[PDB]
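# Close look at the chain arrangement
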Amino acid sequence: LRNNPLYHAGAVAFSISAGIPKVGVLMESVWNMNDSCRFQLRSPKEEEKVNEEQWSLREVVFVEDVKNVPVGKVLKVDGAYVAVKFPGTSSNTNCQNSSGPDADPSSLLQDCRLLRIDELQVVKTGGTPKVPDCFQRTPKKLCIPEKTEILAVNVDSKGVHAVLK
Amino acid sequence: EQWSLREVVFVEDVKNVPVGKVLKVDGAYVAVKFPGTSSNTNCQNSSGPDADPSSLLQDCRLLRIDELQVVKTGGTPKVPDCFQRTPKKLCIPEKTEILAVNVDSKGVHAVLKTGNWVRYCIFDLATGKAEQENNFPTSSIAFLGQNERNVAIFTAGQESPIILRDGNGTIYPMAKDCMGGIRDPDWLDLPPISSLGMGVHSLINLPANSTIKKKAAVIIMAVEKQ
């Protein structure tokens, strides 16, 4: 879909409140980084509600956009419209095994979304557009002034702090 | 051939009014299986349980909901038939006697007697009423002639001219005036006609560049020898 959010429901993130790092699964699609969204904390339906908090994305750091960036196979094209089978479109979560030859062919209709061609973006051999990782995997050099001696250093979210002689 | 719809009569609005069964609804978009949408005319037997599920997709059109109309238990909207299957009465004026009648696409043509008066009448089939009625400029007795049973109003067929006959067997020389009335009789100096033939004939024997049109009325006159 062309109208992709910044992060999708299901992305795993952590928030550091009260010094407790809390790990939670994003419950809704994020459209702007200055908003606040609900996260279900993860290690007859009250237990499902008991572990949601709403947090702002400043506080939250996404580890993974695990899922829910939707890629489907175009099963038909017609005029301005298209039929596309995406993973997870079936409201019947209990139909995870109808991949047999006896799959009621109405189920394949139930599985596919009907959209307009202009609402879709073609996925090329490079995969879906990756959200850039927020972990600086490799060491990055800092611009140390010349002819200076470093007496002490430390770190914080604010950046690097150092005493220079 | 390219035909002007004015001259065409549709016999039966046969087929090609496609009813589809809605197979899936997705917000404002829908998938509908309509008959004859499979470009593979050779898939007429894939109605088995092993029917490749992709074939069902190939068979159904994708549209928006606003482009569709629900078919109710009365079927598709019938185009009204152009053939008046049952007899329809015409609005005949009271106290009139009918001397002759004939037909054409223009409607019904009849000669009506009213006491000592004689009138020529054209009837509209939509309303059933006379579209125009005119008294003859000649004496009514002269039209009634020696034998009123001889009165007639012959036509060549469709799109035809009209030939009246009086009670003497004479062709009555009709013509409209510029007021919509009847001009003085432009006499023909003709003997009586015992019988007259009727029909329309093609003139395709003509060259395509002819000024004479590709149609004509053919009239055969059994003229009496005086």
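Per the PDB record, the structure was determined using cryo-EM to 3.87 Å resolution.

We now examine the overall build of chain A. Looking only at helices and strands, one finds one helix and 10 strands in chain A. In chain A, the succession of α and β elements from N to C terminus is β-β-β-β-β-β-β-α-β-β-β. Taking 15 Å as the expected radius of gyration for a compact globule of 165 residues, we find that chain A reaches 23 Å, considerably beyond that expectation. For the C-alpha atoms alone, the extent of chain A along its principal axes is close to 75 × 45 × 30 Å.

Right, let's get into the overall build of chain B. When helices and strands are counted, chain B shows two helices and 14 strands. Counting only C-alpha atoms, chain B reaches 90 × 50 × 35 Å along its principal axes. In chain B, of all internal contacts separated by at least 6 residues, the share reaching a separation of at least 24 is 33%.

Of the residues lining the interface, five residues belong to chain A; the matching set on chain B comes to four residues. Grouping the constituent residues of the side of chain A that touches chain B by class yields four nonpolar, no polar and one charged.

All right, on to the sheet that holds strand β1 (residues 12–17) of chain A then. Residues and elements named next belong to chain A. Reading across from one edge, β4-β3-β2-β1-β5 is the order of the five strands in this open sheet, with antiparallel pairing throughout. Every other strand in the sheet has two partners, leaving β4 (52–56) and β5 (60–64) as the edge strands with one partner each. Strand-to-strand twist of the sheet, defined as the mean angle between neighbouring strand axes without regard to direction, takes the value 45 degrees. The pairing of β1 with β5 spans four bridges and is antiparallel. Each residue of the ladder has a partner; that of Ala-13, found in β5, is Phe-62.

The subject of this paragraph is the environment of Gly107(B). Secondary-structure assignment places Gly107(B) in strand β5 (residues 107–114). Between the C-alpha atom of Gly107(B) and that of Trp117(B), which follows or precedes it by 10 residues, the distance is 23 Å.

Here we take up the sheet that holds strand β7 (residues 81–85) of chain A. Residues and elements named next belong to chain A. If you trace the three strands from one edge of the open sheet to the other, you get β6-β7-β8, paired in antiparallel fashion. Edge positions in the open sheet fall to β6 (73–78) and β8 (112–116), since each of these has one partner strand only. Averaged over all pairs of adjacent strands, the angle between their axes in this sheet comes to 25 degrees, without regard to strand direction. Pairing of β6 with β7 involves five bridges; the strand directions are antiparallel. By the bridge assignment for β7, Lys-73 is matched with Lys-85.

Residue and element names in this part refer to chain B. As defined by bridge partners, strand β4 (residues 97–104) adjoins β5 across seven bridges and the pair is classed as antiparallel. Across the sheet, the residue bridging to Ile-98 is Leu-112, located in β5. Connecting the antiparallel pair β4 and β5 is a turn made up of two residues. Of the strand pairs in this sheet, β5 and strand β6 (residues 117–123) are connected by seven bridges, and their pairing is antiparallel. In the sheet register, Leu-112 faces β6, and the bridge partner there is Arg-119. What sits between the antiparallel neighbours β5 and β6 is a turn of two residues, in which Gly-115 has the positive phi angle 60 degrees.

Below, the discussion takes up unusual backbone geometry. At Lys147(A), a residue that is not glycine, the phi angle is positive and equals roughly 65 degrees. One can find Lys147(A) in the loop between β8 and β9 (150–156). With a phi close to 70 degrees, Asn16(B) is a non-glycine residue in the positive phi region. Relative to the helices and strands, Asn16(B) is located in the segment before β1 (21–26).

All names here are of chain A. Position of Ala-80 among the secondary structure elements: in the loop between β6 and β7. A C-alpha to C-alpha distance of 8.0 Å links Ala-80 and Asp-118, two positions 38 residues apart in sequence. Ignoring any residue separated from it by four or fewer positions in sequence, one finds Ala-80 in contact with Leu-115, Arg-116 and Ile-117.

Analysis parameters
- Residues numbered from 1 in each chain as written, not as in the entry; some residues may be left out.
- Chains lettered and ligands numbered in written order.
- Part of a larger assembly, values for the part shown.
- Heavy atoms only, no water.
- Residues with missing side-chain atoms left out of burial classes, pairs and counts.
- Helix = DSSP H or I, 4+ residues; strand = E, 2+ residues; numbered from the N terminus.
- Rg over C-alpha atoms; globule rule 2.2 N^0.38 Å.
- Contact = heavy atoms within 4.5 Å.
- Nonpolar A, V, L, I, M, F, W, Y, C, P; charged D, E, K, R; others polar.
- Pairing = 2+ DSSP bridges.
- Axes fitted to C-alpha atoms, helices over the stretch in contact; angles between N-to-C directions.

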